[PDB]
Number of protein chains: 4
Amino acid sequence: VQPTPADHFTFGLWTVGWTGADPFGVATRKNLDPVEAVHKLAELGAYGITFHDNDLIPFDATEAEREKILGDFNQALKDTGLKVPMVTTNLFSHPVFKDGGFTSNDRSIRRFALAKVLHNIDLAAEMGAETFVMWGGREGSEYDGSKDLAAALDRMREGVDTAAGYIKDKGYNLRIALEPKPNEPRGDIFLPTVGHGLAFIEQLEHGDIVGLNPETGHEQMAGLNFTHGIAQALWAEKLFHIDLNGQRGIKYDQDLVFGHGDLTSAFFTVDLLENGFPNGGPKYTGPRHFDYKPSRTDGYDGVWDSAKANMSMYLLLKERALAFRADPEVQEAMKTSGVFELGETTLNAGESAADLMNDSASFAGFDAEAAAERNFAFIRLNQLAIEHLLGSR
Amino acid sequence: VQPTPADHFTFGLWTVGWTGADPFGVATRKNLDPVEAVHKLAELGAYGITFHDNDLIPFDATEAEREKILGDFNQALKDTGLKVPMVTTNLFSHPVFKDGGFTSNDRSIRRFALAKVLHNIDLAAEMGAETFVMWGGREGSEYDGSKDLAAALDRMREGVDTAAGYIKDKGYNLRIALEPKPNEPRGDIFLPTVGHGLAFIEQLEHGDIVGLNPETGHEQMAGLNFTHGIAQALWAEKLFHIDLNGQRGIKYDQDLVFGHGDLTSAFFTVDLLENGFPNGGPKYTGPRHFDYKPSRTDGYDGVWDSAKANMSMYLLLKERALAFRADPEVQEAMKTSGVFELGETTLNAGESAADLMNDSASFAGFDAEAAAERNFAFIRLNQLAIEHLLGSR
Amino acid sequence: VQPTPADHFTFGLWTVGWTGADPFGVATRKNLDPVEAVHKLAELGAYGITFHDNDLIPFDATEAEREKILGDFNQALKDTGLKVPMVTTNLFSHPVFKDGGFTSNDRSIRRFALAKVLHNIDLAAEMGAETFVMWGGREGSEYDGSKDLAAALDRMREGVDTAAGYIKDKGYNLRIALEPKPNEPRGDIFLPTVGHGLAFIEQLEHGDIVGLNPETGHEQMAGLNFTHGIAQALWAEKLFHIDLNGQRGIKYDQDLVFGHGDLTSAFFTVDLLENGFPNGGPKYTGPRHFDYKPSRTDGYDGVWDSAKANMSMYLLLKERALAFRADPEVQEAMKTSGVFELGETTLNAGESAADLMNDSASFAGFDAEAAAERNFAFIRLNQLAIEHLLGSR
Amino acid sequence: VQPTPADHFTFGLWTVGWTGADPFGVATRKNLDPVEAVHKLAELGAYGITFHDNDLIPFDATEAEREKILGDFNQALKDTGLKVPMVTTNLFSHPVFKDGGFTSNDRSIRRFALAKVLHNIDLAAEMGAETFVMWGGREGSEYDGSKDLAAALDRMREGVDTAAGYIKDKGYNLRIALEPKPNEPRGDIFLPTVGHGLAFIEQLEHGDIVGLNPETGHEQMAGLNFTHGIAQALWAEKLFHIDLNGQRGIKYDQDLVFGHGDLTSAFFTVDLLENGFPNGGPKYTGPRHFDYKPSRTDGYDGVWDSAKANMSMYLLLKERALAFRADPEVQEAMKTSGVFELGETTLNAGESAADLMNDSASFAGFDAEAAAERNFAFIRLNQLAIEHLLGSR
């Protein structure tokens, strides 16, 4: 497992920089200087860094302060060669955003939130980022009568189309990536899953540059299959970015290291990212980003250790996933289970609906009881998969 | 609570007809004659009945048998005046469908499944049904390598576009309604939630007549907010049908009577169906269908009792939900929380992105700390809602 | 709904004083003075107030500071008449308790957590509290190999039995109540549910004075039936205190107002607290403590509103629950479903196991098919409860 | 992976013989003959076979039939050498147990369920079983007012203590093991987790011979940590038997092959069964029983494949788990994280509660801020386990 910048492993400033405050306690770690994060990450083999506007530039920063911080940060980047592929906006920590940014009930707050986004598109464009992520963490409610739900989607759309229009207008080479989360910090968050994110994009005026940024753990907080969810994003050609982390069930957002949650699911996500679909189709080509948090029990050792562990796990999974598809025994099991058979169209070329109702062999004389005896042998194909994952074969 | 056919309460044949077999035991109730179901339902105040092709016509039925059953069933309908607003296909109980219907890995099975659908579109059209529901219960997997996930969506699309093309072609006044379910009977089901159902429809050639049929309990098995999910379907103008039942958490599909699961969520769904959105927008206008199962502990009493309980609960919720919006105290609390305020566009008419970045009052001189002092008073608006639900006020 | 001090409504200092920082944001409210909490709680109708040592006395407070704080506090108590029924210790906020208090892997942190508990028992005695609550919030792990799981329970026992021997040696009139939680802030918390808590107590040397403190939301984070769990606690005569709140599903601890989560479960929880068991048995007669958090979207008017709403909600449910059991149609429905029949012993007085084996009418001569026809009528019985809850009956 | 009879791999008749009916469909496989199950299990390397009375003897079987069935069965056992380590009773399939066995509201069903249990104890004795398992699958409710919850536990106690007195009076060398399940087939099952099961046993008269039978998937249906739950059972010396399988989340009981659910948890479960506790303590030495279902998509080649896969999976995990603990880098990592340190008593030999209170270096003179700097290094320790599990180390 030796990462290299050709792997395209990206990390957020807030990931290794997470200080350790959770809702039951305060920080266990001192703040991390952004110059050091950049240097350290570059020596680990990372390809780039990502930040929320306020991870770097304090909310209340004066202009002299802002310029100093960017000079320092631009210095570090020049020095190490790290790229800045994604930039996002913090529309959830200041008290002003307690009801949302884009979908706040207070109209003045909505205006400030959108203004804040627009300024950050400029920053992102100047840093050379290709993706602009939107995570609407405070968009939602605890109680069902708190919102007009139709107006909430209208407001949402208005903010996202305004940002997309501005990108088009300014000539910037950026795409927006929506990032779904079912709950936390709100009781219910708007556009809860990958499916709801895809759906909403189809109702936008400038939806052509608006896509998804799915996060492992987020999908798993509604108990969904991450791999199935990104497969649908990919099939719609909307998988613009990916956030990899780990979660161990339906509960608070854990943000563990990728592979430290549901392991078999992590193996099949790697397989999908690396091998694509068995019958061919689109392949994911962007950065492999890690939006995790080093457990608060661990000191600064642990922070670089956990950063190292993300890349190790991905690499270890990749090696196994490549060995798995290369295996001749796995290819035969795949043919036997009908994996390649699923890729053949149901209908024969130029055969219509009426033509099919009409074929006797297809319905009226179809031997249903005889077709039902097929042994799909999915258990054995899963056993082969697990034995490659364990490095048994 | 006195239902009347003007309420548009519909029930499936398989709902009151559910015999009681679950995966740990056999039936506790004798089979229900479809003629009696129709008569009984008509005396309760139901508006119509719905069935799966095989709920009525046995899989192996000869043609003389098929004609007899339809004559009996058409007799009963003529006699009672009951309508048949929705018809669906059973693509999950016979052993042939163990891997799916439309997305089975075996191509011959896919062909039979689609042929079976096409024949059932004819039946539906002859019964005067307006909606054709598709529930893909066996479309999915237990194991991640069992399917090419892209090919599975291609196959799915091919089956649904073929059915839609056939409706268009035949001149039938029917619309397809996809019905999402996260899991059970498979480990993971394709198009798990309302969001995934909406998304998939946008990738179809004939998506204009393809919409959703969300079920209360299905959304709640992924822990989502039913009311938020149908609000998005409504906003996209894709809420073609609705299945009401109850569920008490993330676990097996319980199918309890509507209102016998999450009660406050049942109240806000009724409010949405009855009152629409606070600021106006689309309103749901079809049948209120109940896809529940009378608990197996209860005898034939209980079966009509539980059918009666569905309509009672809906009516009782409706009365409370109407009282709630009519209340002057509730309207003031609503104004105070910014519910109507959310309906105002963020931007002023003909104000662009650049115009907003540029307004000083919106960003550079916006007093964030002062805007953050607003008391949204969402707890009190929720207390008013609950006190109307309990018939306290 | 007019709460009075014999209702035994007690509130934590940390509930109304919760300022609003969650894991994605900053406090939204100004700190609340302890003297001002006592005055407000007492005016609203509360009977008592509870606290965590560090809620009242800063962790850093000098001895001088300690004594000053306790004088104003005791003065307010004296001026208002509020009791202090339960006191608890903070073994979770300071960075030192990052791997736990009693089960920390570091031996010198275990002794410091235990010494902090012992000093807090002297303060509990001093304030006249009858219950000392233990929430082991940091006792657990993110990863399975972090702990020797046998040792962790041995260290948990050592702490609780040391503390209990100290009560007994000092002759304080005080009981220990453990408070289970499945997760958050740890991935997995030890003694995660009522059941684990009850079992663990049977392994203690001093178990006689150790009981439970179940919290609504906590059991509902594992998808358990809170009425059923507190019924089991009560049946073992181990329900020493109770914490009431709201939770809308399997997700982060929400701490809503009691009744703003699962409404029907809250109804049945109030029925067990107030009415006890249909056939007679134990009754819980301690205080009704509200361990919740005023939503961060709301100002101080919401804070006092939310405190008032907990009380209101319990009183509305109480009156509906009393009306429900008093109702003769409900009592007949109960009779029909066999609620009273379950109260009869299975064996006749003096019947041995050998006797029943050998009794031909209970096995050999048993008509199982006839017995299976019984209509338990559980659906009609549930419909009667909801109708009563909706104030329709 | 070459399983042999000293591995103590036992299998239920109902697992491989599970024909495939779920709640949405019909059996997909032909019945499996009991004599043929014994021959196949024995050839594959199993050590024993287990059954439910009705798995082997039809509920209707005449006495003539009974004796015939038991002769071919005993003959196969004799020919193969397979033991019969555990026997259980079916108190869930026949319509008569629709409201339970031992806790049915109907008194004559309670006596019939108890008499069926007593007769089954004579058969258990007769086959040389050491454990009699009790799964109370129908003991529970859909609705909260269906039962008097105190009475239900009293009726559950009566049944288990009657049965245990019968063992003791007859001097059978047999222990009772209760098997918890949170839900399915009931909405809420009584004694839903390891914890509730352990607590309930402490209320019995004959508790000394009553223990638990935890099942992987069952605790994982409430989102609990299975290693942590069986650790608590083991710590109380109550782990009498164990049922191993796979579950991918909070949903319907899947009964996958052991290792095809949560892989990292299975790894740590094998470590506790085989290796026990890091600091020494109790060890479980009973049989490793596989209570799972061969996926319905597969034919008989899948059935024998799946039985083989359970064994393989346990043996691959066993070898990786042994390699993992033997590894000196892992032993040093363990030392660094304080795994061995937790094994030391908090108090010094002879130290009283008063002593520690009064010891200035454990409280007053404690540097909490210094103690909080410790790097527990739990993330690196988890990375070492996964690397070992992936056969990388």
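Note that chain C is numbered according to Swiss-Prot, with residues 3-395 shown in order.
Recorded method for this deposit: X-ray crystallography, 2.3 Å.
Positions of Cβ are set from backbone N, Cα and C atoms, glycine also.
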Record-annotated Mg(2+) 1 site (Swiss-Prot): member among C:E181, C:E186, C:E276, C:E321 besides C:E217, C:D245, C:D293: C:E181
Environment of C:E217, C:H220, C:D255, C:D257, the listed Mg(2+) 2 site - residues of the same chain whose CB lies within 8 A of the CB centroid: C:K183, C:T218, C:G219, C:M223, C:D245, C:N247, C:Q249, C:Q256, C:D293
Remaining residues near the recorded Mg(2+) 1 site, that is with C-beta within 8 Å of the centroid of the site residues C:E181, C:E217, C:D245, C:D293: C:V135, C:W137, C:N215, C:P216, C:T218, C:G219, C:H220, C:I244, C:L246, C:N247, C:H291
Fewest other Cβ within 10 angstroms of its own Cβ, chosen from the recorded positions C:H54, C:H220: C:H54
Cα-nearest neighbour of C:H54 (active site) within the listed binding-site residues, C:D245, C:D255, C:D293: C:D293
Nearest-integer angstrom distance between the alpha carbons (Cα) of C:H220 (Mg(2+) 2 binding site) and C:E181 (Mg(2+) 1 binding site): 9
Other CB atoms, at most 10 A from the CB of C:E217 (Mg(2+) 1 binding site): 26
Cβ-Cβ distance under 8 Å to C:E181 (Mg(2+) 1 binding site), same chain, at least six residues away: C:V135, C:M136, C:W137, C:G138, C:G199, C:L214, C:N215, C:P216, C:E217, C:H220, C:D245
Cβ-based isolation winner (fewest other Cβ atoms within 10 Å) among the recorded positions C:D57, C:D293: C:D57
Shortest C-alpha distance to C:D57 (active site) - which of the binding-site residues C:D255, C:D257, C:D293: C:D293
